[PDB]
Every structure is written in C-alpha cells, then in structure tokens.
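The structure under discussion appears below in the form of structure tokens.
No hydrogens, no waters, no symmetry mates; every other heavy atom, side chains included, goes into these values. Note on naming: letters A, B, ... go to the chains in the order of the sequence lines (proteins, then strands), and numbering restarts at 1 for each one.
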Amino acid sequence: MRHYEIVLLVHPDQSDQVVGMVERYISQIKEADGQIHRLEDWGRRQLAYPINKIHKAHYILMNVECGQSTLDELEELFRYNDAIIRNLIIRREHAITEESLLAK
Amino acid sequence: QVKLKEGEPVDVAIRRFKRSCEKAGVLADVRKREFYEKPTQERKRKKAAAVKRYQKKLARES
Amino acid sequence: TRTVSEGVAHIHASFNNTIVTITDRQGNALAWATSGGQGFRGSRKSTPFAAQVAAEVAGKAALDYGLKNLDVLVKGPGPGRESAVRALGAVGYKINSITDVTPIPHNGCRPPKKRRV
Amino acid sequence: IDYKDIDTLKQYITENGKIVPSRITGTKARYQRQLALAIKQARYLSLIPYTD
Amino acid sequence: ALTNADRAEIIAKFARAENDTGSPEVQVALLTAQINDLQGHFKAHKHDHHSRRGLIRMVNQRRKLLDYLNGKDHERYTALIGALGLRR
RNA sequence: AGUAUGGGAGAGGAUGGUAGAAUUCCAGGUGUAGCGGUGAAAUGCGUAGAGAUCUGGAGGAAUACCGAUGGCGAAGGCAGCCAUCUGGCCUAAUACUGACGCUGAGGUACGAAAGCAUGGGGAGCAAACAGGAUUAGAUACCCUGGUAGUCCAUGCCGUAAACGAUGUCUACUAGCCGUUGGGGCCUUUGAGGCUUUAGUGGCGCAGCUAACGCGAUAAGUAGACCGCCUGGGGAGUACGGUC
Ligand SMILES: NCCC[C@H](N)CC(=O)NCCC[C@H](N)CC(=O)NCCC[C@H](N)CC(=O)N[C@@H]1[C@H](O)[C@@H](OC(N)=O)[C@@H](CO)O[C@H]1NC1=N[C@@H]2C(=O)NC[C@@H](O)[C@H]2N1
C-alpha cells in the first residue's frame, strides 16, 4: 500500500469530540487493513492568521498505511465533517514512527 | 511596521521608517503594477539582468 | 462631542493627489482633508506642500476631538507622504508607530496597457 | 527539512514573511527548493503567517 | 500499471534460458503487456499527447523487434505472435 | 543498439480538489465636499452622500516572495499547495539478446497567438465603436467609457522573426573559469579538495570565414541520408488541383 501523513485542524469548540473522531477513523483504517504508525495530539494552538473567524484550533497528526478505498472514504469524511476546518494529506515513502516536533 | 522608542524624535522616526520601507522594497512592486509587461519584454529584461550580473561578478573577482 | 485619546492617520498618497484622514480605532472617521480642499487645483494638487497643508488642517480638525497620540498608515507611491507624516508632529500629536500598507497583488488582475507617450 | 520544524523555517523568513533568497542565505539549490516547499506547506497549515 | 511480480511472471513465461531478459520474445511480451495496460489509461485521458508519444515509441519498438525475429527464425516468430495474439 | 533489477532530479502531460493576496460589484457603520485624470486640461463620478476609512458578502481570472546564464519537454511550450492516472531522462554493477543500426521521398502525429462552429462564463484588460483633448488637419499617439475576444467543454484551422535566421546521426582535434543532476576518491568530522559523466554558460590555441565572427553545445577535420538555392521585380501572385 501507500503511506500517508494527515494533519487535521479541529474547531476549538468541538475539542472534546476529537478523541471520538480519531478512534472512529483509526477503526475504519484498521478494519480496512491499516498500520497507524504514528498519532500525535499537538493540542490547542493559536493560528498565525484567523481562519473562519477563529483564532485557535486543535491540531492532530496521523501517519497511516492504507489503500485507495480507505483514502477516498477518509478524505470524504474529512470534507463532510464540520468540526474539521482544514486538513492536509501528503503521500510519503517510508513509515515514520518517531516523535515529531510540536508534540510538546 | 516601525515602532517609535520612548524619546524617539519625529524626523528620526520618519527616516528610520522609510528606509525600513526601502529595505522592504514594496515601492518596486507598486511601480511594476502600473502597466502590464508582456512576457517577451520580461524575458528580455531578465536576460539583460543576468548578463549584467555575470559581468559584475567577473569584475569583482578581478 | 465624543472624546477619544488614541487614533490612526491614513495617508492615501497617489501621484495625482493625497488624502489624509484621521479616524479613531475600528476605522471610524473623525476628520479628513485633501489637497483639493485647500485650493491647489489640477497638477499642483500632487506637490508635497499641498500634502503638508492638508495634513495640518486634518490634525487641527481632529484636535477638537482631542487625541494626543496616534498611529500612522501610509499607502501609495505619492510624493507627499514625507510632508504628511512630518506635519502631524508639528501639529503636536505623538506618533506611536508608522507603517506602510500599500496593497501588493500576488499575481492577480491584469493591469492596463503601457502608455506610448 | 520538513514543514513542522518551525524554528528553522523562521530562520529564512523576513519580518514581512517573504522567503529569503539563496544568494543571500548561502544555501544549496536543492535545499532552497525543499525549504520553499516546506514554507508553503507551513503557511497553508497556518503555522506561520502568509504576510506580516 | 504493471508491477515487479507481473513483469517477473511474463519474463519467466517467455524466457529462452536462465536469467534471460534480453531475448526478443521477452522484450515483445513486456511491450505487449505495457501497451495493453496503457490502453485503459488512454481511454480515461483522451488528451494526454505527451504520454501517447511514449506509447507510440513502444509500438514502434515492438514492430522492429518482431521484424528482426521474423528475419532470424520464422518458427519462433509465428510461435510468439500466436502466443501473444498479435495479428502481425 | 536494446532488455531486467537498485537509486535520483525535474514549472513534463491529464483529471479533480483547495489556500492566500489583490481588482470589481453589493450591503451596512464613521464621516463631508470633493474625487478622478493629464505636459496642462477636459469628457466622467459625487449633497437621492462620492472619494477615504472599517465590517460582511458575490464572482471571475492569475499565482508575489522563493526565482537563478536555474529546471523539464521532439518542437510548440510548462510555475501557489494536495491527491489520483501517466511519459521521458540521469546514475552504479553484474546479468541477458547478439547488428536487432542511421537517415528518410511519399505518409502520418503534434503544433504559439489571432480566428471559426455549438453551448456556458465574464472580475480585470481590451480590437471595433462613442465622447474629451492635441493638431493646419487627427482619421493616431494621450484621457474617460466600452463590445467581440481573452476563460471553460467539444471540435476546426495548420500559420509566426514557429530563430541558434545554424537538418539528423557518428568519430576525432590546446587549454582556463562558472553552474545544474548524479558516480568515485581523499582528508578528517563535516565542511572542504581532486577527478568522471550528462546538461547549461563565459573566454580562448590551432583550424575555418568576404568580413563580422565560429571555435568539444564548430560555422574545424571526415563519413551516411534527407531538404533546399541559382540576379532584382512581376510573385508565394494567376490558372488548375487538394484540403
Ligand atoms: N547542439 C548545439 C546547441 C545550440 C544551442 N541550442 C544554442 C546555441 O548555442 N547557439 C549558438 C549561438 C548563436 C547565437 N544565437 C548568435 C548570436 O549570438 N547573435 C546573432 C548575430 C548578430 C550579430 N552578428 C552580433 C550581435 O549583434 N550581437 C549582440 C551584441 O553582442 C549585444 O547586443 C548589442 N546590441 O550590443 C548582445 C546583448 O544584447 O546581444 C547580441 N545578440 C544576440 N545575443 C543572442 C544569443 O546569443 N542568442 C539569441 C539572440 O538573442 C542572440 N543575439
């Protein structure tokens, strides 16, 4: 399969549903197949510029291995979830498991 | 975005500010935005600039 | 009637004119002056002296509202920005800061054609 | 270099937010390309401002 | 796109000897597999002229190799075209 | 000449999403006589409230900085970021086929911009056109407006100073200094110094040229194949034909 790295920005008002959404996505990836090499919750951070009249957001980092169907459903779920204001998905070669900066 | 000091004089503030602006070089973009430059003209200008740069480098090495 | 201690000066200085407007924060205008409003018609409207005379007029007009310190924003490649910022200090305000806010497109709309003078 | 290393990303950014040229920073061309990609990704992630 | 396993399967099926990769049979089989795989891509993207150039190059290379094989050994040529279903 | 396996760089192509800056328009708050434009003016906009300033919304087009005598592509050409599909190139060592090559009349594919057909879209710009200036006259250059078009989908057209004004392929012939993507070696700790390869630049010995100039990216020394020229106009024109 292909390794992907996903960064999600969650609305600070929905900060206490992030665990539920993360577990749901992890369960979907696992039932497809999936190897969640890394998952980090950077926390609630201030934004460099306001997004959607908001100044803070919850930052979530995931590194997954999945197939085309898992990717398509994951992206569609990200699009339709209103708590997620901005998501970045980048493909990577190699699985990255070490702790990253901003994990503090 | 120049912030004056406590006892900072007005003329010194104006001066420090507009070569802060000269360092920023916004006025160059403003001048560029007055008229449309065709791609052929832009490429000719950039080629001339590259030639001048290379001739300057040789002189400064010598 | 309304009193306010802190305000912002906006100097819109083009190559044909220079408008100085004194507002309070959140962008509510209090007094404004232009080179056209002090005579200086036509080509003479762009000289730095006209920018100066518009600037003191605006400063004195705002003195009625009674602001002692202000922050300055200059936009445009005008010849009168020097005079406009200088005249406020002569009027007697305290300049907290001064910044340039000329908008820069990130390769947006096509500008008009070149003049073949 | 990746987009998460905000401290190094700021070392090549002016106070306005513009990317600093390689002719000024003395960097290699490939490193400069990677740096520009990382900066553009970090701006999208709202980690660093686009301007100012 | 074909993968290493598919290419190895084709090579093993059409090899004339051990560690044989350069024989005209192997080369023509690989080119035929690649062309048949790219047909589907060019159905979806009608205006990918830049990739169609590489497809045309593959077709030309296969034709040249088939002509060379026919010149050298007729029986091998007929066997290969029959195996891959090529009309000529 | 080609094939399999590892590694690498790239604005190469196609599809779909998405981000920020700016212009225009709309609505609202603050606010009041100008704004705009030029060599100078005028046409134009504004007291049913402009311009300026702040907040929100709509839409289209293009991607600042990085950016480079940089990169990729047969050429035409290709720049925000992300995913999917996909072509070529570079680089190391073995392994494999065994001349399978070069060029190419006809033929065929691609081919900037403008233009054409059907249907959408339309912010900014702007042929045609309207008005204001200038002028002996203005038919133009300047100014205020402004429709095709520029954008998208599906096709056509097949032309450019489509240029390096330099057809493709191969071998050989002093050196010096840059730069991009790789390979190797050496210091000795991490950044430098030698080479080699494929591109991209500046000088320059020999040689060549009417001269200007070219000079391992030849316009030098040789070979293979193709295209083209034969004084200037008439003329890339008429007739015939193909599209
Ligand atoms: N497998 C090989 C792969 C090859 C690769 N693909 C490309 C390649 O390698 N080609 C070989 C180089 C041939 C070159 N094109 C011929 C040439 O250079 N001039 C043409 C002869 C004109 C005349 N006899 C000399 C002349 O007037 N010189 C001027 C002059 O020096 C100077 O101007 C002025 N006013 O003083 C300079 C700066 O403006 O410009 C030059 N003029 C120019 N400089 C440009 C340039 O080099 N190119 C493009 C074009 O723009 C050129 N004109």
Problem set entry | Aromatic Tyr44(D) / basic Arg86(A) pairing, under 6.0 angstrom, 45° off normal |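 Yes.
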For this session: Map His45(E) and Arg33(B) onto RNA chain F by nearest heavy atom, then report which one ends up closer to the 5' terminus.
Result: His45(E)
Exercise. If you measure only the distance, is there a donor-acceptor pair under 3.5 Å linking the side chains of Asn17(C) and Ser35(C)?
Worked result: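 A donor-acceptor contact under 3.5 Å links the two side chains.
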Exercise. Can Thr27(D) and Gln32(D) be counted as having a side-chain donor-acceptor contact under 3.5 angstrom?
Worked result: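 Judged by distance alone, the side chains do pair up.
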Problem set entry | Stepwise ring-ring contact (aromatic ring centres under 6.0 Å, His included) test for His37(A) and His3(A) | CA-CA 9 Å; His37(A) 307 284; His3(A) 308 117; 5.7 Å; yes
Problem set entry | Donor-acceptor under 3.5 Å (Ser23(E) side chain, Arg16(E) main chain) | no
Tell me which nucleotide, if any, is Watson-Crick or G-U wobble paired with [N] when both distances must be under 3.5 Å.
N	answer
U179(F)	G199(F)
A27(F)	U55(F)
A165(F)	none
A93(F)	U5(F)
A79(F)	none
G67(F)	none
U47(F)	none
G220(F)	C172(F)

Two-distance pair test [N] [M], Watson-Crick or wobble, each under 3.5 Å:
N	M	answer
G31(F)	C72(F)	no
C203(F)	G175(F)	yes
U188(F)	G39(F)	no
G51(F)	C194(F)	no
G227(F)	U118(F)	no
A83(F)	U237(F)	no
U168(F)	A21(F)	no

For this session: Inspect the contact between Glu25(E) and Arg76(E) and indicate whether a charged nitrogen and a carboxylate oxygen are less than 4.0 angstrom apart.
Result: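 Result for this pair is yes, salt bridge flagged.
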Exercise. Which whole number of Å gives the distance between the P atom of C151(F) and that of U179(F)?
Worked result: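 To the nearest whole Å, 41 Å.
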Exercise. Is there any side-chain hydrogen bond (donor to acceptor under 3.5 Å, both in side chains) pair reaching into residues 39-62 of chain B, and which pairs are they, with sequence neighbours excluded?
Worked result: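 Residue pairs passing side-chain hydrogen bond (donor to acceptor under 3.5 Å, both in side chains), neighbours aside: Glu37(B)-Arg45(B).
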Exercise. Using the ring of each side chain (for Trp, its six-membered ring), is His47(E) parallel, tilted or perpendicular to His49(E), with breaks at 30° and 60°?
Worked result: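 Taking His49(E) first and then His47(E), their aromatic rings stand perpendicular (interplane angle over 60°).
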For this session: Measure the acute angle between the ring planes of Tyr49(A) and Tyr50(D), then classify it against the limits of 30° and 60° as parallel, tilted or perpendicular.
Result: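 Aromatic pair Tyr49(A)/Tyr50(D) classed tilted.
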Mind calculating the distance between [atom1] ([X]) and [atom2] ([N]) to the nearest angstrom?
X	N	atom1	atom2	answer
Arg52(E)	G12(F)	CZ	P	21 Å
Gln26(C)	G31(F)	CD	P	13 Å
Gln61(E)	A1(F)	CD	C1'	10 Å
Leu74(A)	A83(F)	CG	P	15 Å
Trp32(C)	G49(F)	CH2	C1'	11 Å

Could you tell me whether the side chain of [X] has a donor or acceptor atom within less than 3.5 Å of a complementary atom in the base of [N]?
X	N	result
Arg53(E)	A74(F)	yes
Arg23(D)	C66(F)	no
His47(E)	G87(F)	no

For this session: Produce a footprint string for nucleotides 94-100 of chain F: one letter per nucleotide, 5' end first; B if the base is under 4.0 Å from any protein heavy atom, S if only the sugar-phosphate is, - if neither.
Result: -BBSSSB
Exercise. What one-letter contact string describes nucleotides 175-201 of chain F from 5' to 3', where B marks a base within less than 4.0 Å of any protein heavy atom, S marks contact via sugar-phosphate atoms alone, and - marks no contact?
Worked result: ---S--SS------------------B
Exercise. Mind telling me if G87(F) is north or south by its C1'-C2'-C3'-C4' torsion?
Worked result: north
Exercise. For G44(F), does the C1'-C2'-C3'-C4' torsion put the sugar north or south?
Worked result: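 North pucker for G44(F).
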Exercise. So with a 6.0 Å cut-off around CZ of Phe35(B), is the heavy-atom count from everything else above 12?
Worked result: yes
Exercise. Around atom CG of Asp64(C), are there more than 12 heavy atoms of other residues, nucleotides or ligands at under 6.0 Å?
Worked result: yes
